[PDB]
Amino acid sequence: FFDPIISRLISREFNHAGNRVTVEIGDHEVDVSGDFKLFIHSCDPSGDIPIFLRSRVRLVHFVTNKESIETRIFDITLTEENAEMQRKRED
Amino acid sequence: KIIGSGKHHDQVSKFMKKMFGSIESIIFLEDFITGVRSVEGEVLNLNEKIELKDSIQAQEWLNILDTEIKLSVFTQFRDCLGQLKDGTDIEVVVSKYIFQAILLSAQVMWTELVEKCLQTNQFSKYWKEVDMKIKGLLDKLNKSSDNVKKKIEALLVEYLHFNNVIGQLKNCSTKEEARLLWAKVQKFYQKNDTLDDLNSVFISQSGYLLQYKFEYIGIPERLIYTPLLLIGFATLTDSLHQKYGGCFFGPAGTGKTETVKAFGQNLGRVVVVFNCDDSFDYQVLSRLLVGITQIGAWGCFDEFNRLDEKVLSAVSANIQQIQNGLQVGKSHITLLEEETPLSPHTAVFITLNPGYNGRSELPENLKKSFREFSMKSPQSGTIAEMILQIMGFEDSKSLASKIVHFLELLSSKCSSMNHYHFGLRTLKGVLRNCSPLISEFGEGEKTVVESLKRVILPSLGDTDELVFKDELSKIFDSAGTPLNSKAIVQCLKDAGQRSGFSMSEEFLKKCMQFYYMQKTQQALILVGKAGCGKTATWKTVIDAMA
Amino acid sequence: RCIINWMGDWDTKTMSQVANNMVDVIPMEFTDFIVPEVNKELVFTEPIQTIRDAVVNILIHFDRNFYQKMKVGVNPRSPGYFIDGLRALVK
Amino acid sequence: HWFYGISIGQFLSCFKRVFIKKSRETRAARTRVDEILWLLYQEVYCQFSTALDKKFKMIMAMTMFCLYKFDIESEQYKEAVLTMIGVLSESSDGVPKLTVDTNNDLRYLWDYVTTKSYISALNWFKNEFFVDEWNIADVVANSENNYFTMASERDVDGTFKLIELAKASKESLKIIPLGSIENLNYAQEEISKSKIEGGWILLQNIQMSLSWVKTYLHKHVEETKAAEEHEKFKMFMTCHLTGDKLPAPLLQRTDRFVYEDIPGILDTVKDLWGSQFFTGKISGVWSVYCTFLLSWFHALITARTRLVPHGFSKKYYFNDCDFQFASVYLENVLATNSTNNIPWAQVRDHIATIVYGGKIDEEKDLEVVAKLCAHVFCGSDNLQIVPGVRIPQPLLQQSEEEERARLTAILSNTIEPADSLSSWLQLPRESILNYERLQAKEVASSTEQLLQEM
Ligand SMILES: Nc1ncnc2c1ncn2[C@@H]1O[C@H](COP(=O)(O)OP(=O)(O)OP(=O)(O)O)[C@@H](O)[C@H]1O
Ligand SMILES: Nc1ncnc2c1ncn2[C@@H]1O[C@H](COP(=O)(O)OP(=O)(O)O)[C@@H](O)[C@H]1O
């Protein structure tokens, strides 16, 4: 889901003043703070997502690790099958 | 409305049809309940004229009349049985008592007589007696009045069933086969020693004893007796005997709802038939279910195969609750969030019409409490023969065979398309529509041919009428002659001339079809290619008939 | 009634000139460029003299190769990841 | 298939436990990692077979064998086994191949194919792999999840198996037959109690429970994340393969097992007779005699209904309710009628058209049931119920203890021949052979589409 009220922040849109940072959101020049961080979490990957955010927001795949497989079971083997040199390397 | 107006005690009369389904009017002498009249106009005489005062509320005398009508039915039954027992012909009796009493008395008397005949194996004499009774009822039916003619035909249904039974058992050779068939068919018994008059009569079939109820039915159309109908009755009573509800399934046009309706009919019950999944809300379903479980009546869920999932789940939960209540037998059931009593006589039946895939099945929670029974094609030949017999005939056997063969051949030959239907409904419609035509025409097969033409022919495509007339020529050899067209054709011609319309044999044929088939049908559907004079057609027919 | 103007995705000239304009701030680093005699045939820009042209060309090359690999055939999507990539580069 | 779903976590957990299962000495073959991989195959097959029915069990077994062998062996072996599997699917039949004195397995397979022992030819795949097939106890004890789905069909159940497993170890079973809203809240309060108590529980026919389980049980299972630390309860839900689809999160969270233990015909007669007779007799010797006869008839019909399309044109499910109705009808007719052979014909017709013919809707199947009923019920003087057992009439002194003793003895001493499917059931051996043919075709075909998928 997505509504063009966080649009002024998903895309950089702030009418900065001389010493104050303002953004036109809805009907109020809502105050902002430097520590404000927003992150969008998605439920499923199959569901189509709006194109505008894909242009703007930075997609990162934390999805379930169906692909590859080699890396996970490889890690399991190294931690399990004669692990001493493998984790001694990390040591 | 009835409570707030419980002073005229006559406005309720037009409500009580909904809450009995068998009677719609109540007789008043000056302020007393003289009797009731059923939907077909049959008048019931109540022995005890219920005196009414302005203080007694409506429901109090409603309660008293519930038992009063059943007591009057039992008394009329007793009088009819007494009059039949001492060697009296049925014809003088048909005009005295109600249809229920005469039917049940005839059933009991026939049961006893065939019992003694089976003990003696001299069925020829009884067969001859039954045949003379059939012929006498037939010739009496012609000159009788319609109000009683309904009674004659309704009883002739059961007498034809009895005659067929007697003949087929007489053809059977071994005593064991006779016992087999006799236990196969329904058998009637009464207990005079028991003081309880209401339960003094009961039905026995397949060795299972079911107590008859003297509830009034009026004169609903009698469903003729067929083997498959007997298997349906047997499986229904077998399911009921262990307190399991019945369940019928199969293709549409099999009369499953009509089968259970006839079961309640001959057993003396008004089976509340709820057609389902049309527009109806769950709340009224709960109300009627509570009513039937509190009164002891029987319900059938017509077209139960289709329902929305949530309402289906709710009604399944309720029906599982009530069925399990019958199983355990606890007096009270906590359904509809309220403690309600449960009459032991309450029972439920379900019908399943075919789905998109075909076989439609109950929710699995009901599998442990119901018995699904497939329903096959009814013996259309037998029912056609019986109907032709009851309407008076010359060659009813081969004529019925010809009609059934012609209908099947029509179904096989003509092109298949959505509105085409040649099921049992069409044959029943032909046999119920021919009667005025029979009065106008003769009774010969050509009258049946004309009925076929007036019913099925005007709903076909051009190639389909080609095939229809080809097969009509192939099977039947009676073509007929035009009649009573010396006036209607003239009226149509005058209407066309005054409307500036060019009369054509195509147009004339369509107009004749419409005029003939509008006499019976009430609401009409007109289908044809865009702008093909259908508006003009009904203008011409309407002003010509004006 | 409306006039329709097909803009479409940017072409090689656009990426070259635009990325040149941005990397005007940082076209050069410590010491000098790695040997600037790479193949000129695939150079959509002017001849390489600083890192500038090699960087813009490698970025555009990766961009269209990733687009032609992730999908097949016509790609009706403009480079948006390019802008984030170049911002990350400069920062 | 809806039930055959799987999760990444299950595969990784099985992979992790492959190694620390240093239980049985692996075959002394090439290196250590190769035998570790082969043990990986054995472990994943043993774990994941229990979630698959017999047909899918077999196809996955042989496909997995091929996956191992194609990679581990030469081109000649690969093409030879490909020719073998092509021969199995006669729609892709070819010429057999021979490798001299090298691969004894392939000669055995070709022998099984030629000798028309197609079922043995299939089962060879599992037999050669030296697998360790499991039961309910092994999977329940070894797995750590508290939830288990008791998958089966509508004609066989593992309820007695679960009960005897409990009685064998720690008991604690609480059978909860779900039903009405009163049954519903009793069930939910019982499971709430059992969460802390940790006793075993079993729910019947989750399909009819669909609304409650979607609303309550699914939400309860979702919420029971940290509640698994409580006393070790066992969650057992009986689901039917042909029933309604179960919610994906619920089936994914739980562990899965399917029942295939179909008892023998003699075993069916055994347990049906015992469960019917332990309630006590009602009337004379003829009552228990006809009870025995109808029990045998029920065994035969339950046997025949498992073959589709050989025998019945379509599959049916005969619940015990038919058995109770048959018993009630026989008891009633015997009470009504005198102690004679009089009511045999009417009883046969009633059974074939109402008690058991009511469900059926094909005149061919009606005729089959009618002829079977005429064979089993009609007759006297030592009826040959099966070609190996002779059942004589009760004698003239009418003692029922001797009758029950003789019936039990004649059931026990007589043994079931292997060809009972074709001998006890009046079916031509051609019919069962072509049934095996069709089974082989369908399984083998599915195996090709799988292998060309890889
Ligand atoms: N008997 C007739 N003689 C001469 N002309 C006729 C006759 N019947 C119909 N028409 C002509 O054919 C046309 C009738 O088409 P009309 O639209 O009335 O048919 P419809 O199928 O009933 O209607 P619609 O498809 O528009 O609902 C008119 O042009 C009318 O003049
Ligand atoms: N034995 C019979 N004799 C005469 N008519 C019958 C018989 N059985 C069914 N019919 C007719 O066939 C029609 C089919 O009814 P149907 O639509 O099958 O009922 P349902 O609602 O159970 O499907 C009924 O209207 C009935 O009049």
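Rules used throughout
Residues numbered from 1 in each chain as written, not as in the entry; some residues may be left out. Chains lettered and ligands numbered in written order. Part of a larger assembly, values for the part shown. Heavy atoms only, no water. Buried < 20%, exposed > 50% of the residue type's maximum accessible area, 1.4 Å probe, protein only. Helix = DSSP H or I, 4+ residues; strand = E, 2+ residues; numbered from the N terminus. Contact = heavy atoms within 4.5 Å. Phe/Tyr/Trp six-rings, centres within 6.5 Å; stacked < 30°, edge-to-face > 60°. Core = buried A, V, L, I, M, F, W, Y, C linked by side-chain atoms within 4.5 Å. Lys, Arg positive; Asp, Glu negative; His and termini not counted. Salt bridge = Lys/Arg side-chain N within 4 Å of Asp/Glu carboxyl O. Polar contact = N/O pair within 3.5 Å; in protein donor to acceptor, adjacent residues only side chain to side chain. Near = heavy atom within 4 Å. Areas by Shrake-Rupley, 256 points an atom, 1.4 Å probe, with all protein chains shown as cover. Nonpolar A, V, L, I, M, F, W, Y, C, P; charged D, E, K, R; others polar.

Per the deposited record, determination of this structure is attributed to cryo-EM, with the resolution reported as 4.1 Å.

(A) Quick look at helix α6 (residues 175-184) of chain B. Of the residues making up α6 of chain B, those classed as buried are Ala178, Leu180, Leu181, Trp182 and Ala183 of chain B. Packed against the buried residues of α6 of chain B are α3 (99-120), α5 (146-171), β4 (187-190) and β5 (201-205) of chain B together with α15 (344-355) of chain D.

(B) Structural context of the packing of aromatic side chains. Residues and elements named next belong to chain D. Under the criterion given, the structure shown has 45 aromatic pairs over all chains. Between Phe65 and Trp124, the ring centres sit 5.2 Å apart and the planes meet at 85 degrees, which makes this aromatic pair edge-to-face. Residue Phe65 is found in helix α3 (residues 54-72), and its partner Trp124 is found in helix α6 (residues 118-128); the two are separated by 59 residues along the sequence. By the burial criterion, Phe65 is buried, and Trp124 matches it. The structure contains a cluster of three or more aromatic residues connected by ring pairs, namely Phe297, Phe318, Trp344, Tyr356 and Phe377.

(C) Spotlight on unusual backbone geometry. The linkage connecting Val308 of chain D with the following residue, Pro309 of chain D, adopts the cis geometry, with an omega of 0 degrees. Along the chain, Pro309 of chain D falls in the loop between α13 (285-304) and α14 (320-336). For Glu303 of chain B, which is not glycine, the phi dihedral falls at a positive 60 degrees. Among the structural elements, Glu303 of chain B can be located in the loop between β9 (298-302) and α10 (309-328).

(D) Up close: the nonpolar core. By size, the foremost hydrophobic cluster in this structure holds 147 residues, and its most contacted members are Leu156 of chain B together with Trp296, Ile351, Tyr356 and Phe377 of chain D. It is α3 of chain B that provides the largest number of residues to this core, a total of 13 residues. By size, the runner-up hydrophobic cluster in this structure holds 29 residues, among which are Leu410, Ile438, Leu457 and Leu472 of chain B.

(E) Looking closely at the side chain of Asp365 of chain D. Residue and element names in this part refer to chain D. Among the secondary structure elements, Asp365 is positioned in helix α16 (residues 363-376). For the buried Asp365, no salt bridge exists, and the shortest N-O distance to an oppositely charged side chain is 7.5 Å, to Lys314. Of note is the side chain of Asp365, whose polar atom sits 2.9 Å from the side chain of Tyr316. Apart from residues no more than four positions distant in its own chain, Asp365 is found in contact with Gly311, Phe312, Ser313, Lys314, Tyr316 and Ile360.

(F) Local environment of the site of ligand 2. Residues and elements named next belong to chain B. In the vicinity of ligand 2 there are 15 residues, among which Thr254, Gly255, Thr257, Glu258 and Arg425 approach most closely. In the complex, the protein chains occlude 90% of the 570 Å² of accessible area that ligand 2 would expose alone. Looking at the shell around ligand 2, the elements with two or more residues in it are α8 (256-266) and α13 (424-440). Taken together, the residues that form the shell around ligand 2 break down as 4 nonpolar, 6 polar and 5 charged.

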